[PDB]
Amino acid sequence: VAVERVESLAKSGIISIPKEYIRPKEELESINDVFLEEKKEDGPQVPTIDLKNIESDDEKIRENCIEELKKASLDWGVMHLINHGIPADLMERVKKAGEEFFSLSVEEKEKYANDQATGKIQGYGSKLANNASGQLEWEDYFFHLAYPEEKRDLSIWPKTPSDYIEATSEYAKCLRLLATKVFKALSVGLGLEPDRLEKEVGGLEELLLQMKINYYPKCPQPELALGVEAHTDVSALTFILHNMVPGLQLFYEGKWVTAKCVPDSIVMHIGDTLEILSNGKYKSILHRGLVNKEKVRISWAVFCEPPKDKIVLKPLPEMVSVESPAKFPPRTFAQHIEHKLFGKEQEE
């Protein structure tokens, strides 16, 4: 076996990328210059959602917020969050600590290398081919469980930079509170009791927050490749930071919309797990990630997910009728992931 990193391929002095990184000729049609795509204000754009009044003591103004967030969720299922209560300073500590880890040599990152053949999923990694097409994506990553503190294996966290562990686990901490509030509003928006969605996905007890730093090296032929493939997140909610480089695209009314770079904001996705519980009301949107020649892109995605086995996920009884039956049969989290894999496995 051989290990190989996109970061290495990027610094090897290649003018054309390998065959495995080129998208199918059908998919190449839709890939354009991310920078030009960033300069278009024509057509649908991702909503920006202001969360200032999400817990507001004036019910008139709290309710307002809940409606914008609901509408945003029913429509797009993705949005830029502003005024979300996470310190701007703390967001910078996290990005700085992640930029520093990735600026170590590959050889020093390899010390944290994951090992999927032995079930070591946490760590420094790069996505291996997983069906008959050998397709790879133009990214390396760092993945670990983040919250709750008691479930973390800190021995896989970067010790250099020194501020990595503290920054990340205060961010997670802060993210869990935000998630509680979001779940609260989503719950109300749907008409349920306010605690509901959080306990259906696991509560404080069982809900997991996974951190994945997506590291997109510069790419010499960016318009042939993807950073991350077209997919929906399996999560209940995903929160994303990035280094103000464009690349996120959303598949919205039949076309690929590019996200803009809003400073001090957080991309939040509605994920499959909420879509299932809500019977398709809230949308787990399809999305992907483009690379470029000029700039390293980095994003920090935190996936708030249920326990893999323990909770049988399915549409809520409140959320089904004769007039609108269950759109999804019951599956555990792990089963849901497998059904998706199984589906995609069918190349040939």
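All residue numbers refer to positions in the sequence shown, first residue = 1.
Judged by mean Cα B factor in the deposited record, 33 to 41 ranks above the other of 33 to 41 and 66 to 74. Per the PDB record, residue ranking by Cα B-factor puts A301 in the lowest third of the chain.
Among the modelled residues of the chain, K218 sits in the middle third by CA temperature factor in this PDB entry.
Residue-level temperature factors show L207 in the highest third of its chain, judged at the C-alpha atom. Split the chain's modelled residues into thirds by C-alpha temperature factor. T273 is in the highest one. Annotation for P24: C-alpha temperature factor in the lowest third relative to the rest of the modelled chain, per the entry.
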